[PDB]
$ cat data-v3.txt   # compact mmCIF, C-alpha atoms and all ligand atoms
# COMPACT_ATOMS: atom_id res chain seq x y z
CA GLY A 447 -0.39 33.15 13.39
CA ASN A 448 0.54 29.48 13.82
CA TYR A 449 0.82 28.03 10.26
CA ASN A 450 2.07 24.57 11.47
CA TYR A 451 -1.55 23.24 11.18
CA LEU A 452 -2.86 22.61 7.64
CA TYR A 453 -5.96 21.23 5.94
CA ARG A 454 -6.36 20.01 2.34
CA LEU A 455 -8.76 22.35 0.46
CA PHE A 456 -8.76 20.26 -2.80
CA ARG A 457 -8.64 16.57 -3.87
CA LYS A 458 -9.55 14.78 -7.18
CA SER A 459 -11.94 12.44 -5.23
CA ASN A 460 -13.47 12.11 -1.71
CA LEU A 461 -11.65 9.95 0.91
CA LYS A 462 -13.08 6.51 1.83
CA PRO A 463 -13.53 5.64 5.58
CA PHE A 464 -10.15 6.07 7.37
CA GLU A 465 -8.36 6.77 4.03
CA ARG A 466 -5.13 8.85 4.49
CA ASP A 467 -3.35 10.83 1.73
CA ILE A 468 -0.50 13.34 2.45
CA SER A 469 0.86 13.71 -1.16
CA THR A 470 0.90 17.46 -2.10
CA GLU A 471 0.44 17.04 -5.90
CA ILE A 472 -1.13 20.09 -7.67
CA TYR A 473 -4.94 20.06 -8.17
CA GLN A 474 -6.10 21.24 -11.65
CA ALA A 475 -9.59 22.75 -12.24
CA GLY A 476 -8.82 24.67 -15.51
CA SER A 477 -7.24 23.38 -18.79
CA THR A 478 -3.86 24.64 -17.38
CA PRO A 479 -0.63 22.59 -18.05
CA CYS A 480 0.53 23.22 -14.45
CA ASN A 481 3.31 20.53 -14.19
CA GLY A 482 3.86 21.03 -10.39
CA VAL A 483 3.25 24.79 -9.68
CA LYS A 484 0.27 27.12 -8.83
CA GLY A 485 -1.51 28.87 -11.77
CA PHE A 486 -4.80 29.74 -13.56
CA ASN A 487 -7.43 27.57 -11.76
CA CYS A 488 -4.52 25.34 -10.60
CA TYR A 489 -3.85 24.92 -6.92
CA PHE A 490 -1.44 23.80 -4.21
CA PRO A 491 -3.76 21.42 -2.29
CA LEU A 492 -3.01 22.47 1.35
CA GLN A 493 -4.06 25.66 3.21
CA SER A 494 -3.56 26.85 6.85
CA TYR A 495 -5.65 28.39 9.66
CA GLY A 496 -2.73 30.60 10.90
CA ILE B 101 9.41 -15.51 -3.22
CA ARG B 102 10.11 -13.13 -0.28
CA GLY B 103 7.43 -10.37 -0.23
CA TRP B 104 5.05 -7.91 -1.93
CA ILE B 105 4.58 -4.14 -2.62
CA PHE B 106 1.16 -2.36 -2.79
CA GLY B 107 -0.02 1.22 -3.63
CA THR B 108 -0.89 3.34 -6.72
CA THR B 109 2.46 4.65 -8.16
CA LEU B 110 4.27 2.10 -5.85
CA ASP B 111 7.34 4.46 -5.82
CA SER B 112 8.01 8.15 -4.78
CA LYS B 113 4.72 10.11 -5.20
CA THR B 114 2.49 8.30 -2.60
CA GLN B 115 2.60 6.00 0.43
CA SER B 116 3.03 2.31 -0.49
CA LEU B 117 3.16 -0.92 1.55
CA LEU B 118 6.18 -3.19 1.75
CA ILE B 119 5.84 -6.79 3.04
CA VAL B 120 9.12 -8.82 3.42
CA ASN B 121 9.79 -12.33 4.84
CA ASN B 122 13.47 -13.28 5.55
CA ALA B 123 12.85 -16.66 7.36
CA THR B 124 14.04 -15.06 10.69
CA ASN B 125 11.08 -12.58 10.70
CA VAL B 126 8.31 -10.91 8.69
CA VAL B 127 8.91 -7.11 8.36
CA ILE B 128 6.03 -4.81 7.29
CA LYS B 129 6.33 -1.05 6.60
CA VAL B 130 4.54 1.90 4.87
CA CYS B 131 6.52 4.77 3.24
CA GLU B 132 6.86 7.01 0.14
CA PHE B 133 9.32 4.26 -0.94
CA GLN B 134 12.12 4.05 -3.53
CA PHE B 135 13.29 0.64 -2.16
CA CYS B 136 15.11 -2.39 -3.68
CA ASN B 137 13.19 -4.51 -6.26
CA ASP B 138 15.12 -7.77 -5.46
CA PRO B 139 15.61 -8.91 -1.77
CA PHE B 140 17.81 -11.84 -3.06
CA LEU B 141 20.65 -9.24 -2.70
CA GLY B 142 20.66 -10.14 1.08
CA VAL B 143 22.08 -13.72 0.52
CA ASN B 165 7.89 7.89 4.92
CA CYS B 166 7.75 6.03 8.30
CA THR B 167 3.88 6.18 8.41
CA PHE B 168 3.53 2.62 9.88
CA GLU B 169 5.84 -0.33 10.81
CA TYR B 170 5.23 -3.91 12.14
CA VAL B 171 7.38 -7.07 12.71
CA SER B 172 6.83 -10.77 13.69
CA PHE B 186 7.57 -26.95 -5.12
CA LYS B 187 5.95 -29.30 -2.51
CA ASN B 188 4.67 -26.55 -0.15
CA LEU B 189 1.56 -24.85 -1.53
CA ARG B 190 1.44 -21.47 0.27
CA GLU B 191 -1.90 -19.65 -0.16
CA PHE B 192 -2.81 -16.06 0.79
CA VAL B 193 -5.68 -13.58 0.48
CA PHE B 194 -5.12 -9.80 0.66
CA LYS B 195 -8.05 -7.30 0.95
CA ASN B 196 -8.26 -3.60 1.97
CA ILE B 197 -11.51 -2.49 3.72
CA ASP B 198 -12.29 0.71 5.75
CA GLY B 199 -8.54 1.52 6.14
CA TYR B 200 -7.57 -2.05 7.30
CA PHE B 201 -5.41 -4.38 5.14
CA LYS B 202 -6.45 -8.01 5.93
CA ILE B 203 -4.13 -10.98 5.30
CA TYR B 204 -5.31 -14.63 5.46
CA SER B 205 -3.15 -17.72 4.75
CA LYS B 206 -2.79 -21.51 4.53
CA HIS B 207 0.16 -23.91 4.06
CA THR B 208 -0.30 -27.47 2.73
CA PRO B 209 2.05 -30.08 1.21
CA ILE B 210 0.92 -31.23 -2.30
CA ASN B 211 1.82 -34.48 -4.16
CA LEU B 212 1.19 -33.34 -7.77
CA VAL B 213 3.30 -30.12 -8.06
CA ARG B 214 2.03 -29.48 -11.67
CA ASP B 215 -0.53 -26.74 -10.76
CA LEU B 216 -3.24 -25.72 -8.16
CA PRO B 217 -4.49 -29.15 -6.89
CA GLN B 218 -8.21 -30.03 -7.03
CA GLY B 219 -9.80 -30.22 -3.53
CA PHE B 220 -10.76 -27.90 -0.63
CA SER B 221 -8.95 -26.18 2.31
CA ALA B 222 -9.83 -22.88 4.05
CA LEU B 223 -7.41 -19.97 4.76
CA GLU B 224 -7.16 -18.91 8.43
CA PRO B 225 -6.62 -15.20 9.34
CA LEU B 226 -3.06 -13.85 9.96
CA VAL B 227 -2.98 -10.05 10.42
CA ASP B 228 -5.12 -6.90 9.92
CA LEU B 229 -2.95 -3.78 9.34
CA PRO B 230 -4.53 -0.36 10.41
CA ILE B 231 -2.80 1.57 7.57
CA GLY B 232 -5.43 3.66 5.62
CA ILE B 233 -3.73 3.60 2.12
CA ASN B 234 -5.35 3.77 -1.39
CA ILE B 235 -4.18 0.59 -3.27
CA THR B 236 -4.82 0.11 -7.03
CA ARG B 237 -1.65 -1.93 -7.95
CA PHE B 238 0.69 -4.55 -6.46
CA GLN B 239 3.91 -6.47 -7.28
CA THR B 240 5.71 -9.63 -5.96
CA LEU B 241 9.33 -9.73 -4.66
CA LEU B 242 11.66 -12.60 -5.69
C1 LIG C 1 -6.98 5.80 -5.67
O1 LIG C 1 -5.94 6.40 -6.51
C2 LIG C 1 -6.18 6.41 -7.98
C3 LIG C 1 -5.09 7.24 -8.67
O2 LIG C 1 -3.81 6.60 -8.50
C4 LIG C 1 -7.56 7.03 -8.27
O3 LIG C 1 -7.92 6.77 -9.64
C5 LIG C 1 -8.67 6.44 -7.40
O4 LIG C 1 -9.90 7.16 -7.71
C6 LIG C 1 -8.31 6.55 -5.90
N1 LIG C 1 -9.39 5.99 -5.08
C7 LIG C 1 -10.46 6.70 -4.72
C8 LIG C 1 -11.52 5.99 -3.87
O5 LIG C 1 -10.60 7.85 -5.12
$ encode --input "data-v3.txt" --output "structure tokens"
Amino acid sequence: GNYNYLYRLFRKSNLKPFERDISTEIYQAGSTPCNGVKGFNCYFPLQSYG
Amino acid sequence: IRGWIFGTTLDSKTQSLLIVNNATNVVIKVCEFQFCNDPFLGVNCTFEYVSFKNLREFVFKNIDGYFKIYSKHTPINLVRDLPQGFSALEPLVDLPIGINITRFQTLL
């Protein structure tokens, strides 16, 4: 598998037309105090096709 | 007055714009910056571009991923504040940069 191609699975809001946003800050769906790591309903925003 | 910064956090966590004028050129760049806050000291890589009597006027707006700049220069007799009258800003430049801006700051 080639993991050098990624897509963002989560963001706090939808992109506007031609908006670009590469910052990998953790997405929180639970009440979790994640502070920059994966956890209970708390997610690293990028995933790969492999 | 020598430039402006635009973005959300302005520093580290996101892309932000830098505009600088040094009288020899205008330098324009877009990075996850941690840059100098005072270009008077002169006396990541997502985009880059280069090119009281004076009232200098500008308009900045971001639409569909393009950052528009318009401008005008005029001499003014009463330097006290923005002089009553009319004069329209011509376009300058239209940067294809795609960034979310919520905040800005001026550079002295
Ligand atoms: C731009 O970023 C801010 C957070 O810094 C956010 O509140 C805002 O919703 C973003 N813009 C859009 C269209 O989501």
$ interface_residues --input "data-v3.txt" --of "chain A" --to "chain B" --cutoff "9 Å" --atoms "only C-alpha atoms" --output "count of residues only"
10
$ closest_residue --input "data-v3.txt" --among "A:494, A:481, A:487, A:474" --to "residue A:458" --atoms "only C-alpha atoms"
A:474
$ closest_residue --input "data-v3.txt" --among "B:224, B:116, B:186, B:219" --to "ligand LIG 1 (chain C)" --atoms "all atoms listed in the file"
B:116
$ residues_near_ligand --input "data-v3.txt" --ligand "ligand LIG 1 (chain C)" --cutoff "8 Å" --atoms "only C-alpha atoms and all ligand atoms" --output "list in words"
residues 458, 459, 460, 461 and 462 of chain A; 108, 109, 234, 235 and 236 of chain B
$ atom_distance --input "data-v3.txt" --atom1 "atom CA of residue A:491" --atom2 "atom CA of residue A:472"
6.1 Å
$ residues_around --input "data-v3.txt" --residues "residue A:483" --least-positions-apart "4" --cutoff "10 Å" --atoms "only C-alpha atoms" --output "PDB file with C-alpha atoms, in the frame of the given file"
ATOM      1  CA  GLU A 471       0.440  17.040  -5.900  1.00  0.00           C
ATOM      2  CA  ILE A 472      -1.130  20.090  -7.670  1.00  0.00           C
ATOM      3  CA  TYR A 473      -4.940  20.060  -8.170  1.00  0.00           C
ATOM      4  CA  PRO A 479      -0.630  22.590 -18.050  1.00  0.00           C
ATOM      5  CA  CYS A 488      -4.520  25.340 -10.600  1.00  0.00           C
ATOM      6  CA  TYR A 489      -3.850  24.920  -6.920  1.00  0.00           C
ATOM      7  CA  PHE A 490      -1.440  23.800  -4.210  1.00  0.00           C
TER       8      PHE A 490
END
$ atom_distance --input "data-v3.txt" --atom1 "atom CA of residue B:215" --atom2 "atom CA of residue B:102"
20.2 Å
$ residues_around --input "data-v3.txt" --residues "residue A:453" --least-positions-apart "2" --cutoff "8 Å" --atoms "only C-alpha atoms" --output "PDB file with C-alpha atoms, keeping the file's coordinate frame"
ATOM      1  CA  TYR A 451      -1.550  23.240  11.180  1.00  0.00           C
ATOM      2  CA  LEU A 455      -8.760  22.350   0.460  1.00  0.00           C
ATOM      3  CA  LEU A 492      -3.010  22.470   1.350  1.00  0.00           C
ATOM      4  CA  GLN A 493      -4.060  25.660   3.210  1.00  0.00           C
ATOM      5  CA  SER A 494      -3.560  26.850   6.850  1.00  0.00           C
TER       6      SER A 494
END
$ atom_distance --input "data-v3.txt" --atom1 "atom CA of residue B:188" --atom2 "atom CA of residue B:209"
4.6 Å
$ residues_around --input "data-v3.txt" --residues "residue B:170" --least-positions-apart "2" --cutoff "9 Å" --atoms "all atoms listed in the file" --output "short mmCIF file (atom, residue, chain, number, x, y, z; two decimals) with C-alpha atoms, in the coordinates of the input"
data_model
loop_
_atom_site.label_atom_id
_atom_site.label_comp_id
_atom_site.auth_asym_id
_atom_site.auth_seq_id
_atom_site.Cartn_x
_atom_site.Cartn_y
_atom_site.Cartn_z
CA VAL B 126 8.31 -10.91 8.69
CA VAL B 127 8.91 -7.11 8.36
CA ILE B 128 6.03 -4.81 7.29
CA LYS B 129 6.33 -1.05 6.60
CA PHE B 168 3.53 2.62 9.88
CA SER B 172 6.83 -10.77 13.69
CA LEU B 229 -2.95 -3.78 9.34
#
$ closest_residue --input "data-v3.txt" --among "B:237, B:226, B:118, B:221" --to "residue B:166" --atoms "all atoms listed in the file"
B:118
